[PDB]
file upload_24.pdb (PDB, C-alpha atoms (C1' of nucleotides))
ATOM      1  CA  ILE A 353      -1.819 -23.190 -10.166  1.00  0.00           C
ATOM      2  CA  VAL A 354      -4.825 -21.417 -11.678  1.00  0.00           C
ATOM      3  CA  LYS A 355      -5.414 -17.999 -10.133  1.00  0.00           C
ATOM      4  CA  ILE A 356      -9.048 -16.875 -10.345  1.00  0.00           C
ATOM      5  CA  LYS A 357      -9.906 -13.176 -10.247  1.00  0.00           C
ATOM      6  CA  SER A 358     -12.859 -11.025 -11.244  1.00  0.00           C
ATOM      7  CA  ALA A 359     -12.389  -9.368 -14.630  1.00  0.00           C
ATOM      8  CA  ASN A 360     -13.097  -5.995 -13.045  1.00  0.00           C
ATOM      9  CA  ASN A 361     -12.580  -5.431  -9.341  1.00  0.00           C
ATOM     10  CA  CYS A 362     -16.236  -6.019  -8.463  1.00  0.00           C
ATOM     11  CA  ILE A 363     -16.388  -9.580  -7.059  1.00  0.00           C
ATOM     12  CA  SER A 364     -13.882 -10.676  -4.422  1.00  0.00           C
ATOM     13  CA  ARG A 365     -15.567 -13.385  -2.331  1.00  0.00           C
ATOM     14  CA  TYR A 366     -18.746 -15.405  -1.936  1.00  0.00           C
ATOM     15  CA  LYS A 367     -19.940 -17.263   1.137  1.00  0.00           C
ATOM     16  CA  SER A 368     -21.240 -20.751   0.492  1.00  0.00           C
ATOM     17  CA  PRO A 369     -25.032 -20.337   0.177  1.00  0.00           C
ATOM     18  CA  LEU A 370     -25.530 -23.589   2.089  1.00  0.00           C
ATOM     19  CA  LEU A 371     -25.514 -23.555   5.891  1.00  0.00           C
ATOM     20  CA  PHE A 372     -24.816 -26.599   8.068  1.00  0.00           C
ATOM     21  CA  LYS A 373     -26.450 -26.527  11.508  1.00  0.00           C
ATOM     22  CA  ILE A 374     -25.368 -29.117  14.079  1.00  0.00           C
ATOM     23  CA  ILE A 375     -27.821 -29.301  16.986  1.00  0.00           C
ATOM     24  CA  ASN A 376     -27.840 -32.137  19.541  1.00  0.00           C
ATOM     25  CA  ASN A 377     -25.651 -34.342  17.331  1.00  0.00           C
ATOM     26  CA  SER A 378     -27.985 -33.908  14.343  1.00  0.00           C
ATOM     27  CA  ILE A 379     -26.987 -32.384  11.003  1.00  0.00           C
ATOM     28  CA  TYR A 380     -29.322 -29.848   9.392  1.00  0.00           C
ATOM     29  CA  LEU A 381     -28.720 -28.449   5.905  1.00  0.00           C
ATOM     30  CA  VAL A 382     -30.511 -25.133   5.414  1.00  0.00           C
ATOM     31  CA  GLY A 383     -30.400 -22.315   2.919  1.00  0.00           C
ATOM     32  CA  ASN A 384     -32.150 -19.335   1.384  1.00  0.00           C
ATOM     33  CA  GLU A 385     -31.778 -18.261  -2.242  1.00  0.00           C
ATOM     34  CA  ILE A 386     -28.350 -17.373  -3.596  1.00  0.00           C
ATOM     35  CA  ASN A 387     -27.120 -13.842  -4.204  1.00  0.00           C
ATOM     36  CA  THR A 388     -28.129 -13.145  -7.803  1.00  0.00           C
ATOM     37  CA  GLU A 389     -25.284 -10.634  -8.182  1.00  0.00           C
ATOM     38  CA  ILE A 390     -22.810 -13.418  -8.972  1.00  0.00           C
ATOM     39  CA  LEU A 391     -24.814 -14.636 -11.985  1.00  0.00           C
ATOM     40  CA  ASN A 392     -23.519 -13.550 -15.410  1.00  0.00           C
ATOM     41  CA  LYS A 393     -20.267 -12.139 -14.060  1.00  0.00           C
ATOM     42  CA  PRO A 394     -16.901 -12.206 -15.862  1.00  0.00           C
ATOM     43  CA  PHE A 395     -13.936 -14.085 -14.421  1.00  0.00           C
ATOM     44  CA  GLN A 396     -10.267 -14.099 -15.393  1.00  0.00           C
ATOM     45  CA  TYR A 397      -7.866 -17.039 -15.151  1.00  0.00           C
ATOM     46  CA  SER A 398      -4.087 -16.731 -14.763  1.00  0.00           C
ATOM     47  CA  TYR A 399      -2.157 -19.980 -15.157  1.00  0.00           C
ATOM     48  CA  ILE A 400       1.077 -20.339 -13.177  1.00  0.00           C
ATOM     49  CA  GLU A 401       3.549 -23.220 -12.961  1.00  0.00           C
ATOM     50  CA  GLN A 402       5.156 -24.046  -9.606  1.00  0.00           C
ATOM     51  CA  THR A 403       7.875 -26.716  -9.754  1.00  0.00           C
ATOM     52  CA  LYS A 404       8.860 -27.573  -6.182  1.00  0.00           C
ATOM     53  CA  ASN A 405      12.502 -28.544  -6.634  1.00  0.00           C
ATOM     54  CA  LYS A 406      14.967 -30.365  -4.424  1.00  0.00           C
ATOM     55  CA  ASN A 407      16.009 -28.507  -1.296  1.00  0.00           C
ATOM     56  CA  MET A 408      19.069 -26.306  -1.778  1.00  0.00           C
ATOM     57  CA  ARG A 409      20.660 -27.889   1.346  1.00  0.00           C
ATOM     58  CA  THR A 410      20.692 -24.414   2.934  1.00  0.00           C
ATOM     59  CA  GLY A 411      17.085 -23.262   3.312  1.00  0.00           C
ATOM     60  CA  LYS A 412      15.030 -26.312   2.290  1.00  0.00           C
ATOM     61  CA  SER A 413      12.414 -23.770   1.188  1.00  0.00           C
ATOM     62  CA  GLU A 414      10.350 -22.783  -1.855  1.00  0.00           C
ATOM     63  CA  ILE A 415      11.385 -20.164  -4.403  1.00  0.00           C
ATOM     64  CA  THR A 416       9.828 -22.167  -7.243  1.00  0.00           C
ATOM     65  CA  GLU A 417       7.649 -19.348  -8.519  1.00  0.00           C
ATOM     66  CA  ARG A 418       9.257 -17.829 -11.618  1.00  0.00           C
ATOM     67  CA  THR A 419       7.334 -19.886 -14.157  1.00  0.00           C
ATOM     68  CA  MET A 420       4.148 -19.063 -16.060  1.00  0.00           C
ATOM     69  CA  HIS A 421       2.844 -20.680 -19.246  1.00  0.00           C
ATOM     70  CA  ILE A 422       0.845 -18.699 -21.801  1.00  0.00           C
ATOM     71  CA  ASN A 423      -2.196 -20.742 -22.814  1.00  0.00           C
ATOM     72  CA  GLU A 424      -5.058 -19.730 -25.094  1.00  0.00           C
ATOM     73  CA  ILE A 425      -7.715 -17.269 -23.929  1.00  0.00           C
ATOM     74  CA  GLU A 426     -11.351 -17.268 -25.061  1.00  0.00           C
ATOM     75  CA  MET A 427     -12.755 -13.954 -23.851  1.00  0.00           C
ATOM     76  CA  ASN A 428     -16.218 -13.138 -25.255  1.00  0.00           C
ATOM     77  CA  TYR A 429     -16.098 -16.518 -27.027  1.00  0.00           C
ATOM     78  CA  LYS A 430     -19.510 -17.802 -28.152  1.00  0.00           C
ATOM     79  CA  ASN A 431     -21.098 -14.406 -27.392  1.00  0.00           C
ATOM     80  CA  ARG A 432     -19.915 -14.190 -23.771  1.00  0.00           C
ATOM     81  CA  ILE A 433     -20.844 -17.793 -22.992  1.00  0.00           C
ATOM     82  CA  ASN A 434     -17.601 -19.541 -22.023  1.00  0.00           C
ATOM     83  CA  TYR A 435     -15.554 -20.573 -18.995  1.00  0.00           C
ATOM     84  CA  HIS A 436     -15.202 -16.877 -18.072  1.00  0.00           C
ATOM     85  CA  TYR A 437     -18.873 -16.437 -17.121  1.00  0.00           C
ATOM     86  CA  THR A 438     -21.413 -17.748 -14.602  1.00  0.00           C
ATOM     87  CA  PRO A 439     -24.520 -19.700 -15.677  1.00  0.00           C
ATOM     88  CA  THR A 440     -26.834 -16.626 -15.235  1.00  0.00           C
ATOM     89  CA  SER A 441     -29.736 -18.910 -14.216  1.00  0.00           C
ATOM     90  CA  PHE A 442     -29.808 -20.991 -11.036  1.00  0.00           C
ATOM     91  CA  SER A 443     -32.209 -21.699  -8.171  1.00  0.00           C
ATOM     92  CA  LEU A 444     -30.755 -23.167  -4.990  1.00  0.00           C
ATOM     93  CA  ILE A 445     -34.054 -24.875  -4.127  1.00  0.00           C
ATOM     94  CA  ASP A 446     -34.210 -26.675  -7.480  1.00  0.00           C
ATOM     95  CA  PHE A 447     -30.610 -27.888  -7.320  1.00  0.00           C
ATOM     96  CA  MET A 448     -31.001 -28.919  -3.680  1.00  0.00           C
ATOM     97  CA  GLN A 449     -34.087 -30.952  -4.586  1.00  0.00           C
ATOM     98  CA  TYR A 450     -32.213 -32.481  -7.528  1.00  0.00           C
ATOM     99  CA  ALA A 451     -29.494 -33.495  -5.083  1.00  0.00           C
ATOM    100  CA  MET A 452     -30.467 -36.094  -2.472  1.00  0.00           C
ATOM    101  CA  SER A 453     -32.769 -37.417  -5.156  1.00  0.00           C
ATOM    102  CA  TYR A 454     -29.931 -38.586  -7.412  1.00  0.00           C
ATOM    103  CA  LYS A 455     -29.349 -42.226  -6.595  1.00  0.00           C
ATOM    104  CA  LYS A 456     -28.085 -45.624  -7.654  1.00  0.00           C
ATOM    105  CA  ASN A 457     -29.677 -48.497  -5.704  1.00  0.00           C
ATOM    106  CA  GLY A 458     -29.979 -45.994  -2.871  1.00  0.00           C
ATOM    107  CA  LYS A 459     -29.842 -42.215  -2.551  1.00  0.00           C
ATOM    108  CA  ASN A 460     -26.355 -40.778  -2.089  1.00  0.00           C
ATOM    109  CA  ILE A 461     -26.579 -37.981   0.493  1.00  0.00           C
ATOM    110  CA  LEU A 462     -28.646 -39.760   3.133  1.00  0.00           C
ATOM    111  CA  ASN A 463     -30.775 -36.770   4.175  1.00  0.00           C
ATOM    112  CA  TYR A 464     -34.551 -36.790   4.311  1.00  0.00           C
ATOM    113  CA  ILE A 465     -36.557 -33.754   3.312  1.00  0.00           C
ATOM    114  CA  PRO A 466     -38.364 -31.586   5.902  1.00  0.00           C
ATOM    115  CA  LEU A 467     -38.033 -28.493   3.679  1.00  0.00           C
ATOM    116  CA  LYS A 468     -40.470 -25.636   4.249  1.00  0.00           C
TER     117      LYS A 468
ATOM    118  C1'   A B   1       0.156 109.886  52.784  1.00  0.00           C
ATOM    119  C1'   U B   2      -5.507 108.839  50.277  1.00  0.00           C
ATOM    120  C1'   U B   3     -11.849 105.993  55.835  1.00  0.00           C
ATOM    121  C1'   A B   4      -4.932 103.458  55.425  1.00  0.00           C
ATOM    122  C1'   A B   5      -1.346  98.880  56.336  1.00  0.00           C
ATOM    123  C1'   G B   6      -0.525  93.815  56.921  1.00  0.00           C
ATOM    124  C1'   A B   7      -2.864  88.146  55.535  1.00  0.00           C
ATOM    125  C1'   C B   8      -1.163  81.594  49.937  1.00  0.00           C
ATOM    126  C1'   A B   9      -8.754  78.860  51.091  1.00  0.00           C
ATOM    127  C1'   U B  10      -4.214  76.815  54.212  1.00  0.00           C
ATOM    128  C1'   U B  11      -2.763  72.078  57.969  1.00  0.00           C
ATOM    129  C1'   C B  12      -3.923  66.796  58.557  1.00  0.00           C
ATOM    130  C1'   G B  13      -5.881  62.562  54.763  1.00  0.00           C
ATOM    131  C1'   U B  14      -3.061  55.578  50.642  1.00  0.00           C
ATOM    132  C1'   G B  15      -9.391  55.158  46.210  1.00  0.00           C
ATOM    133  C1'   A B  16      -9.659  51.602  50.132  1.00  0.00           C
ATOM    134  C1'   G B  17     -11.970  47.443  52.493  1.00  0.00           C
ATOM    135  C1'   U B  18     -14.595  41.685  51.658  1.00  0.00           C
ATOM    136  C1'   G B  19     -14.441  38.924  46.106  1.00  0.00           C
ATOM    137  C1'   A B  20     -11.162  30.973  43.158  1.00  0.00           C
ATOM    138  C1'   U B  21     -13.522  33.006  35.785  1.00  0.00           C
ATOM    139  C1'   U B  22     -16.784  29.833  38.254  1.00  0.00           C
ATOM    140  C1'   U B  23     -21.626  26.268  38.104  1.00  0.00           C
ATOM    141  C1'   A B  24     -23.108  22.555  34.126  1.00  0.00           C
ATOM    142  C1'   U B  25     -21.578  19.029  29.553  1.00  0.00           C
ATOM    143  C1'   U B  26     -19.620  10.569  28.650  1.00  0.00           C
ATOM    144  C1'   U B  27     -14.616  11.759  22.639  1.00  0.00           C
ATOM    145  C1'   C B  28     -19.787   8.893  21.690  1.00  0.00           C
ATOM    146  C1'   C B  29     -22.753   6.413  17.698  1.00  0.00           C
ATOM    147  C1'   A B  30     -21.781   2.036  13.169  1.00  0.00           C
ATOM    148  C1'   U B  31     -19.575  -2.249  11.607  1.00  0.00           C
ATOM    149  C1'   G B  32     -19.124 -10.669  11.765  1.00  0.00           C
ATOM    150  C1'   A B  33     -11.146 -11.197  11.645  1.00  0.00           C
ATOM    151  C1'   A B  34     -13.895 -12.930   8.195  1.00  0.00           C
ATOM    152  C1'   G B  35     -14.422 -15.737   2.405  1.00  0.00           C
ATOM    153  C1'   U B  36     -12.622 -20.022  -0.054  1.00  0.00           C
ATOM    154  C1'   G B  37     -10.051 -25.764  -1.369  1.00  0.00           C
ATOM    155  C1'   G B  38      -8.378 -28.452  -5.383  1.00  0.00           C
ATOM    156  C1'   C B  39      -6.036 -32.026  -8.137  1.00  0.00           C
ATOM    157  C1'   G B  40      -5.551 -37.535  -7.272  1.00  0.00           C
ATOM    158  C1'   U B  41     -12.258 -38.112 -12.518  1.00  0.00           C
TER     159        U B  41
END
call {"tool": "encode", "arguments": {"input": "upload_24.pdb", "output": "structure tokens"}}
result
Amino acid sequence: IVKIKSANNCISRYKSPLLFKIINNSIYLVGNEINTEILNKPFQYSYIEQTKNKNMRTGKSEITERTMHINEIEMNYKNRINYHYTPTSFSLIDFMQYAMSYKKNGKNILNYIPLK
RNA sequence: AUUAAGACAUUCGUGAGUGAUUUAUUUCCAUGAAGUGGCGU
């Protein structure tokens, strides 16, 4: 189990920028630009081992929590470009156009493009 | 023994009768029980 948490208590949640609109049995994928506040933000990872054991024949429950392995940490590695930081440059329109144009003998996400 | 003597400004009398601390005034305005899956590449 990898627990993800903001390095400082500044980011707690993020709604999916994409919105799915189902009208008259038709699927519409819509979206504005993402919230730029999440870009270039630090994130902290806490690894935890959970070994679901055999039932104790009395509770049949889980107490398999008291394990945690200490792996290596790479904070500020490569001048704060590592798996603790967000890509600091992203446009939802560009990625959405890149998707549903990726294909092999046919385009994967079978949606045509009425975009504004 | 002298134009003198005698004489309570006194008796009766409730500061009382009628009189709502009352007329009027919204414990309201704001806010998503909501965010998110992942491994099985």
call {"tool": "resolve_selection", "arguments": {"input": "upload_24.pdb", "expression": "the PyMOL selection byres ((chain B) within 12 of (chain A))", "output": "VMD selection string"}}
result
chain B and resid 34 to 36 38 to 39
call {"tool": "residues_around", "arguments": {"input": "upload_24.pdb", "residues": "residue A:446", "least_positions_apart": "3", "cutoff": "12 Å", "atoms": "all atoms listed in the file", "output": "PyMOL selection string"}}
result
chain A and resi 383-386+441-443+449-453+467
call {"tool": "write_last_selection", "arguments": {"input": "upload_24.pdb", "atoms": "C-alpha atoms", "output": "PDB file, in the coordinates of the input"}}
result
ATOM      1  CA  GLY A 383     -30.400 -22.315   2.919  1.00  0.00           C
ATOM      2  CA  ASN A 384     -32.150 -19.335   1.384  1.00  0.00           C
ATOM      3  CA  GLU A 385     -31.778 -18.261  -2.242  1.00  0.00           C
ATOM      4  CA  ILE A 386     -28.350 -17.373  -3.596  1.00  0.00           C
ATOM      5  CA  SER A 441     -29.736 -18.910 -14.216  1.00  0.00           C
ATOM      6  CA  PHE A 442     -29.808 -20.991 -11.036  1.00  0.00           C
ATOM      7  CA  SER A 443     -32.209 -21.699  -8.171  1.00  0.00           C
ATOM      8  CA  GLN A 449     -34.087 -30.952  -4.586  1.00  0.00           C
ATOM      9  CA  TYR A 450     -32.213 -32.481  -7.528  1.00  0.00           C
ATOM     10  CA  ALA A 451     -29.494 -33.495  -5.083  1.00  0.00           C
ATOM     11  CA  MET A 452     -30.467 -36.094  -2.472  1.00  0.00           C
ATOM     12  CA  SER A 453     -32.769 -37.417  -5.156  1.00  0.00           C
ATOM     13  CA  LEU A 467     -38.033 -28.493   3.679  1.00  0.00           C
TER      14      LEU A 467
END
call {"tool": "axis_aligned_box", "arguments": {"input": "upload_24.pdb", "around": "stretch 377-385 of chain A", "padding_each_side": "3 Å", "output": "JSON"}}
result
{"center_x": -28.9, "center_y": -26.3, "center_z": 7.5, "size_x": 12.5, "size_y": 22.1, "size_z": 25.6}
call {"tool": "atom_distance", "arguments": {"input": "upload_24.pdb", "atom1": "atom CA of residue A:399", "atom2": "atom CA of residue A:422"}}
result
7.4 Å
call {"tool": "atom_distance", "arguments": {"input": "upload_24.pdb", "atom1": "atom CA of residue A:434", "atom2": "atom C1' of residue B:40"}}
result
26.2 Å
call {"tool": "atom_distance", "arguments": {"input": "upload_24.pdb", "atom1": "atom CA of residue A:355", "atom2": "atom CA of residue A:398"}}
result
5.0 Å
call {"tool": "residues_around", "arguments": {"input": "upload_24.pdb", "residues": "residue A:414", "least_positions_apart": "5", "cutoff": "10 Å", "atoms": "all atoms listed in the file", "output": "list in words"}}
result
residues 402, 403, 404, 405, 406, 407 and 408 of chain A
call {"tool": "write_last_selection", "arguments": {"input": "upload_24.pdb", "atoms": "C-alpha atoms", "output": "PDB file, in the coordinates of the input"}}
result
ATOM      1  CA  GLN A 402       5.156 -24.046  -9.606  1.00  0.00           C
ATOM      2  CA  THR A 403       7.875 -26.716  -9.754  1.00  0.00           C
ATOM      3  CA  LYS A 404       8.860 -27.573  -6.182  1.00  0.00           C
ATOM      4  CA  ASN A 405      12.502 -28.544  -6.634  1.00  0.00           C
ATOM      5  CA  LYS A 406      14.967 -30.365  -4.424  1.00  0.00           C
ATOM      6  CA  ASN A 407      16.009 -28.507  -1.296  1.00  0.00           C
ATOM      7  CA  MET A 408      19.069 -26.306  -1.778  1.00  0.00           C
TER       8      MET A 408
END
call {"tool": "residues_near_point", "arguments": {"input": "upload_24.pdb", "point": "(-35.8, -35.4, 6.0)", "cutoff": "12 Å", "atoms": "only C-alpha atoms (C1' of nucleotides)", "output": "PDB file with C-alpha atoms, keeping the file's coordinate frame"}}
result
ATOM      1  CA  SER A 378     -27.985 -33.908  14.343  1.00  0.00           C
ATOM      2  CA  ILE A 379     -26.987 -32.384  11.003  1.00  0.00           C
ATOM      3  CA  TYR A 380     -29.322 -29.848   9.392  1.00  0.00           C
ATOM      4  CA  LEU A 381     -28.720 -28.449   5.905  1.00  0.00           C
ATOM      5  CA  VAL A 382     -30.511 -25.133   5.414  1.00  0.00           C
ATOM      6  CA  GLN A 449     -34.087 -30.952  -4.586  1.00  0.00           C
ATOM      7  CA  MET A 452     -30.467 -36.094  -2.472  1.00  0.00           C
ATOM      8  CA  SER A 453     -32.769 -37.417  -5.156  1.00  0.00           C
ATOM      9  CA  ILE A 461     -26.579 -37.981   0.493  1.00  0.00           C
ATOM     10  CA  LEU A 462     -28.646 -39.760   3.133  1.00  0.00           C
ATOM     11  CA  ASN A 463     -30.775 -36.770   4.175  1.00  0.00           C
ATOM     12  CA  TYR A 464     -34.551 -36.790   4.311  1.00  0.00           C
ATOM     13  CA  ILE A 465     -36.557 -33.754   3.312  1.00  0.00           C
ATOM     14  CA  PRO A 466     -38.364 -31.586   5.902  1.00  0.00           C
ATOM     15  CA  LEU A 467     -38.033 -28.493   3.679  1.00  0.00           C
ATOM     16  CA  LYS A 468     -40.470 -25.636   4.249  1.00  0.00           C
TER      17      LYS A 468
END
call {"tool": "resolve_selection", "arguments": {"input": "upload_24.pdb", "expression": "the PyMOL selection byres ((chain A and resi 359) around 6)", "output": "PyMOL selection string"}}
result
chain A and resi 358+360+394-396
